[PDB]
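As stored in model_34.txt (compact mmCIF, C-alpha atoms (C1' of nucleotides) and all ligand atoms):
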# COMPACT_ATOMS: atom_id res chain seq x y z
CA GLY A 26 181.60 115.84 112.05
CA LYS A 27 180.13 113.64 109.28
CA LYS A 28 177.54 114.21 106.50
CA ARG A 29 174.04 112.70 106.04
CA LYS A 30 171.76 112.61 109.09
CA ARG A 31 170.90 109.06 110.25
CA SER A 32 167.23 108.44 109.37
CA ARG A 33 164.67 109.17 112.10
CA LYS A 34 163.61 106.30 114.37
CA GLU A 35 160.70 106.98 116.71
CA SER A 36 160.66 105.71 120.28
CA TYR A 37 158.84 106.38 123.53
CA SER A 38 162.08 106.64 125.57
CA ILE A 39 161.87 110.35 126.58
CA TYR A 40 158.40 109.62 128.05
CA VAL A 41 159.58 106.41 129.78
CA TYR A 42 162.31 108.61 131.35
CA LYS A 43 159.80 111.26 132.40
CA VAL A 44 157.51 108.70 134.05
CA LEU A 45 160.62 107.11 135.60
CA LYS A 46 161.58 110.39 137.36
CA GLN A 47 158.10 110.80 138.88
CA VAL A 48 158.03 107.26 140.24
CA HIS A 49 161.74 106.80 141.11
CA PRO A 50 163.66 110.13 140.80
CA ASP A 51 167.03 108.61 141.92
CA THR A 52 166.73 105.68 139.42
CA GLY A 53 167.99 105.37 135.82
CA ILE A 54 167.52 102.78 133.08
CA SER A 55 169.82 100.66 130.84
CA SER A 56 169.87 100.56 127.03
CA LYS A 57 168.28 97.16 126.62
CA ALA A 58 165.78 97.81 129.46
CA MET A 59 164.51 100.82 127.45
CA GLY A 60 164.25 98.58 124.37
CA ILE A 61 161.97 96.42 126.52
CA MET A 62 159.88 99.38 127.79
CA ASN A 63 159.48 100.37 124.09
CA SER A 64 158.54 96.87 122.98
CA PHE A 65 156.04 96.89 125.86
CA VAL A 66 154.36 100.22 125.04
CA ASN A 67 154.07 99.14 121.37
CA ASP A 68 152.65 95.76 122.34
CA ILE A 69 149.89 97.25 124.44
CA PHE A 70 149.18 100.06 121.95
CA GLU A 71 148.62 97.33 119.30
CA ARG A 72 146.45 95.17 121.60
CA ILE A 73 144.25 98.00 122.83
CA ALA A 74 143.91 99.63 119.37
CA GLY A 75 143.12 96.33 117.68
CA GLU A 76 140.39 95.44 120.14
CA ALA A 77 138.85 98.92 119.88
CA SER A 78 139.04 98.56 116.08
CA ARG A 79 137.05 95.31 116.41
CA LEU A 80 134.54 96.74 118.93
CA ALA A 81 133.85 99.59 116.53
CA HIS A 82 133.60 97.15 113.64
CA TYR A 83 131.20 94.75 115.43
CA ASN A 84 128.76 97.54 116.35
CA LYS A 85 128.94 98.95 112.75
CA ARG A 86 130.72 102.21 113.77
CA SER A 87 133.45 104.07 111.76
CA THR A 88 134.77 105.94 114.82
CA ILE A 89 136.98 104.78 117.66
CA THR A 90 136.09 106.94 120.66
CA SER A 91 137.41 107.01 124.24
CA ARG A 92 134.48 104.63 124.87
CA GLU A 93 136.02 101.88 122.66
CA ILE A 94 139.44 102.28 124.32
CA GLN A 95 137.79 101.85 127.76
CA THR A 96 135.92 98.68 126.70
CA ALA A 97 139.03 97.22 125.08
CA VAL A 98 140.96 98.05 128.27
CA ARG A 99 138.33 96.21 130.35
CA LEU A 100 138.66 93.18 128.05
CA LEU A 101 142.51 93.17 128.01
CA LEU A 102 143.98 94.12 131.37
CA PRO A 103 143.45 92.08 134.56
CA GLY A 104 141.27 93.37 137.43
CA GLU A 105 143.19 96.01 139.46
CA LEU A 106 145.27 97.13 136.40
CA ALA A 107 142.06 97.75 134.45
CA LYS A 108 140.45 99.78 137.30
CA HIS A 109 143.42 102.13 137.67
CA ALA A 110 143.89 102.34 133.86
CA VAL A 111 140.18 103.14 133.54
CA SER A 112 140.46 105.79 136.30
CA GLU A 113 143.51 107.46 134.73
CA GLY A 114 142.02 107.41 131.21
CA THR A 115 138.79 108.93 132.55
CA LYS A 116 140.78 111.56 134.55
CA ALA A 117 142.79 112.37 131.44
CA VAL A 118 139.68 112.76 129.24
CA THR A 119 137.82 114.79 131.93
CA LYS A 120 140.83 117.05 132.49
CA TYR A 121 141.48 117.49 128.71
CA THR A 122 137.86 118.36 127.87
CA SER A 123 137.67 121.08 130.60
CA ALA A 124 141.03 122.60 129.51
CA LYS A 125 139.45 122.45 125.97
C1' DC B 1 147.33 44.64 150.90
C1' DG B 2 142.91 47.94 151.55
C1' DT B 3 139.02 50.08 149.61
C1' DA B 4 138.00 53.27 146.11
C1' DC B 5 135.67 52.84 142.28
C1' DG B 6 132.44 50.48 138.62
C1' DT B 7 128.22 47.58 138.18
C1' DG B 8 123.30 46.76 138.36
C1' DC B 9 119.75 46.70 140.49
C1' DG B 10 115.19 49.65 142.29
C1' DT B 11 113.29 54.60 143.52
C1' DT B 12 112.70 59.16 142.96
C1' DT B 13 112.74 63.56 140.23
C1' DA B 14 112.65 67.10 136.94
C1' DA B 15 114.24 67.55 131.95
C1' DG B 16 112.05 67.77 128.01
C1' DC B 17 107.96 68.31 125.14
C1' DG B 18 104.28 70.90 123.26
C1' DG B 19 101.33 74.76 124.07
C1' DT B 20 99.69 79.22 125.38
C1' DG B 21 100.11 84.24 126.74
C1' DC B 22 102.91 88.90 127.57
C1' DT B 23 105.83 92.36 126.54
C1' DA B 24 110.87 93.89 126.97
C1' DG B 25 113.57 95.38 124.16
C1' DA B 26 116.06 94.43 119.61
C1' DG B 27 116.25 96.64 115.88
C1' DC B 28 114.61 99.72 112.30
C1' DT B 29 113.46 104.61 109.76
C1' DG B 30 114.10 109.29 109.36
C1' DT B 31 115.95 114.12 110.97
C1' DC B 32 119.53 117.00 112.78
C1' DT B 33 124.05 118.69 113.99
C1' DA B 34 127.95 118.36 116.71
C1' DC B 35 132.14 116.46 115.87
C1' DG B 36 135.81 114.74 113.11
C1' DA B 37 138.50 114.91 108.29
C1' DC B 38 140.59 118.20 105.70
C1' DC B 39 143.60 121.93 104.61
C1' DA B 40 147.28 125.38 105.19
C1' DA B 41 150.21 128.27 108.01
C1' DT B 42 152.74 128.18 111.84
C1' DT B 43 156.75 126.70 114.98
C1' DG B 44 158.01 123.93 119.20
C1' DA B 45 158.61 119.18 120.74
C1' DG B 46 161.55 115.75 119.56
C1' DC B 47 165.46 113.95 116.70
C1' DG B 48 170.59 112.80 115.75
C1' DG B 49 174.86 114.07 116.92
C1' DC B 50 178.38 114.41 120.55
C1' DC B 51 180.84 114.99 124.83
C1' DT B 52 181.35 114.37 130.04
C1' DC B 53 182.03 111.39 134.31
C1' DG B 54 179.97 108.34 137.65
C1' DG B 55 177.72 103.69 137.89
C1' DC B 56 178.71 99.17 136.91
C1' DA B 57 181.92 95.37 135.36
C1' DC B 58 185.77 93.21 137.16
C1' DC B 59 189.45 91.87 140.39
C1' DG B 60 191.62 90.10 144.73
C1' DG B 61 191.15 88.88 149.13
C1' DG B 62 189.23 88.00 153.12
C1' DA B 63 184.72 86.52 155.77
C1' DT B 64 180.88 83.49 155.76
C1' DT B 65 178.01 79.42 154.40
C1' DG B 66 177.29 74.84 153.62
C1' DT B 67 178.42 70.02 152.74
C1' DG B 68 180.20 65.79 154.09
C1' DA B 69 183.13 62.31 156.55
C1' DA B 70 184.16 60.22 160.65
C1' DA B 71 184.11 60.49 165.21
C1' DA B 72 181.14 61.33 169.96
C1' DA B 73 176.59 61.24 172.91
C1' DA B 74 172.43 58.97 173.46
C1' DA B 75 168.89 56.00 172.68
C1' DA B 76 167.43 51.84 172.07
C1' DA B 77 167.00 47.21 171.61
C1' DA B 78 168.21 43.05 172.40
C1' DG B 79 170.40 39.05 175.85
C1' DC B 80 171.44 38.14 181.18
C1' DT B 81 170.65 38.26 186.01
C1' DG B 82 167.76 37.98 189.63
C1' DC B 83 162.61 38.31 191.02
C1' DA B 84 157.72 38.53 194.42
CA CA C 201 169.87 111.54 122.49
Represent the structure contained in this file as structure tokens.
Amino acid sequence: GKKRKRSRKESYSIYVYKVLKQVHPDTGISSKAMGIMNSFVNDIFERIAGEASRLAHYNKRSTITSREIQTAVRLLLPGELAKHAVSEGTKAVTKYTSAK
DNA sequence: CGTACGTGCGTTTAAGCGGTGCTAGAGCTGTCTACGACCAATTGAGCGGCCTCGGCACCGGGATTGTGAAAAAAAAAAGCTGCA
């Protein structure tokens, strides 16, 4: 083998895979398709975060809470997508708090 | 070529003005603490490296689809005959 480790490069791909095997267990994903799924996750991270950042800033608050994320989500996603995304985020917070 | 629009009348209507009267609720001050930054030790999830092996890229060949020309079936539209 050869010396010097290539420098770390973060991605979401192991989590895209994991979600992929829930939804379509007998289905894989190409190299460039994963590059797209990455570019997607990063896009929506940025959009949501930015809007929450602004919401917090408008109402004179230092802290982004799950509340901000929800409001941003309601502003950014279309109708049905927002509902489900609001449900799942709520579920996730509810579940996380009670498992402390 | 047909009539949907623009024009210019009168007729009707409620927008706007100025004023008064109430109070929801914006928006502030002060007190308290739960909740997040911070740190340090801990230590597994996630990384880069690497090796298999089955899906996809590609090929050839046959089956199917689809276009288009020119040749039928049919419809149609005029000229010809008789016609109560
Ligand atoms: Ca890997």
Of the listed residues A:86, A:49, A:116, A:33, that which approaches ligand CA 201 (chain C) most closely, counting all atoms listed in the file: A:33
When you count all atoms listed in the file, which of these residues is closest to ligand CA 201 (chain C): B:69, B:83, B:58, B:50?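 Selected residue with least distance to ligand CA 201 (chain C): B:50.
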Enumerate residues in contact with ligand CA 201 (chain C): an atom-to-atom distance of at most 9 Å, counting all atoms listed in the file. Format the result as an NGL selection string. :B and (47-49)
Report as a tab-separated table: every residue of chain A with an atom at most 9 Å from chain B, its closest pair of atoms, and their distance in Å to one decimal, counting only C-alpha atoms (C1' of nucleotides), with rows sorted by chain and ascending residue number.
residue	atom	partner	partner_atom	distance
A:26	CA	B:49	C1'	8.5
A:30	CA	B:48	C1'	6.8
A:31	CA	B:48	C1'	6.7
A:32	CA	B:48	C1'	8.4
A:33	CA	B:47	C1'	6.7
A:34	CA	B:47	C1'	8.2
A:35	CA	B:47	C1'	8.4
A:39	CA	B:46	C1'	8.9
As a PyMOL selection string, please: the residues near residue 91 of chain A (cut-off 10 Å, all atoms listed in the file, same-chain neighbours under 6 positions excluded). chain A and resi 77+97+114-115+118
As an exercise, work out the distance from atom CA of residue 110 of chain A to atom CA of residue 92 of chain A in Å and give it to one decimal place. 13.2 Å
Show me, as a list in words, the residues that have an atom within 12 Å of residue 40 of chain A when counting only C-alpha atoms (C1' of nucleotides), minus same-chain residues fewer than 5 positions from it. residues 35, 45, 46, 47, 59, 62, 63 and 66 of chain A; 46 of chain B
Kindly compute an axis-aligned box around the listed atoms of segment 90-109 of chain A, allowing 4 Å on each side, and express its centre and edge lengths in Å to one decimal as AutoDock Vina command-line options.
--center_x 139.9 --center_y 99.5 --center_z 130.1 --size_x 18.8 --size_y 22.9 --size_z 26.8
